[PDB]
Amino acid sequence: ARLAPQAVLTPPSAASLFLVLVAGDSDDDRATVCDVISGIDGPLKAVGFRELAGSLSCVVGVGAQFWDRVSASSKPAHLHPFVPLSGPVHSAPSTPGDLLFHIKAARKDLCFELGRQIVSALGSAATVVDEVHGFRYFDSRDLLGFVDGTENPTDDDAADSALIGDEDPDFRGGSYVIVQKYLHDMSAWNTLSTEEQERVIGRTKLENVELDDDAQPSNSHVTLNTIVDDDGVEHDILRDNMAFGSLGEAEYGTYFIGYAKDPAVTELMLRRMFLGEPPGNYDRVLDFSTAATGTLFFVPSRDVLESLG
């Protein structure tokens, strides 16, 4: 899917950039934002064409509140702000954001350059509220030391899971994406043995093999994020998580970013993680990870994004 905005199905990359911005309250601000995001193919190619491989991609997401400013009476079926959750000890806050740019490439300079051009074009019309420079960490691992992304659906399965279909024809090809910037307590996580960490996750650490059923805890990250409806049909999401961090401020992080054709799936996963199934049987990754943001965005298909205003 070379140099085309809204390519949700892109495979993992060595570098990413996650930018979340809040749009200004004016009509000028709205119009500038609308010009930039609807012409996003411009800077995408301005930057990406310079690398022969064409690895650069950019997915634009729009928040529920800003969507209603730019497209009042045409609205994807499930667009709403992020639903915050409050467990006894761990919570998923809902944090501001009208615009998401999820940028991936084989190199840092390409992500940075595109972000620079996007930010420059928006000028005073929007403000960056969250910025994360993701990087691949060894053999596709996160900073907890586990391979992160293994069971992502691919090919047809990825399209089926991520992309709006016949349920909502006016927005076919779009998606819904949720982000959360997690920070880890590395000290506390290191007090665990490998075997305990594997029980927390649901897979072996080095070898990345799923624990067998008889050894798989009911509150493992894997068990809690396995979604099968009443009819026995599995429901998956597409994740593009990346490590990030700052050694001086002791930030070791995982940027969660998951796409679904219906955010009810992602939301159910989150509520299973934070609230438990059975109730109180929550995801122990959360003992070692604290979400600092939580925002949902609608990802319009190319055709819809280009029509805005």
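We number the residues from 1 along the sequence you see.
Looking at 25 to 33 and 47 to 55 together, the entry lists the larger mean B-factor for 25 to 33, computed on C-alpha atoms. Judged by mean Cα B factor in the deposited record, 64 to 72 ranks above the other of 258 to 266 and 64 to 72. Residue set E113, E131, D214, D142: peak C-alpha B-factor at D214 (per PDB entry). Of the candidates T191, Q180, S175, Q117, the deposited coordinates give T191 the top C-alpha B factor. Remark: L247 belongs to the middle third of its chain, ranked by C-alpha B-factor as recorded.
When the CA B factors of the chain's modelled residues are split into thirds, the value for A105 lands in the lowest one. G232 sits in the highest third of its chain by CA B factor, as recorded in the PDB entry. The deposited CA B-factor of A158 belongs to the highest third of values across its chain. Annotation for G149: CA B-factor lies in the lowest third of the chain's modelled residues.
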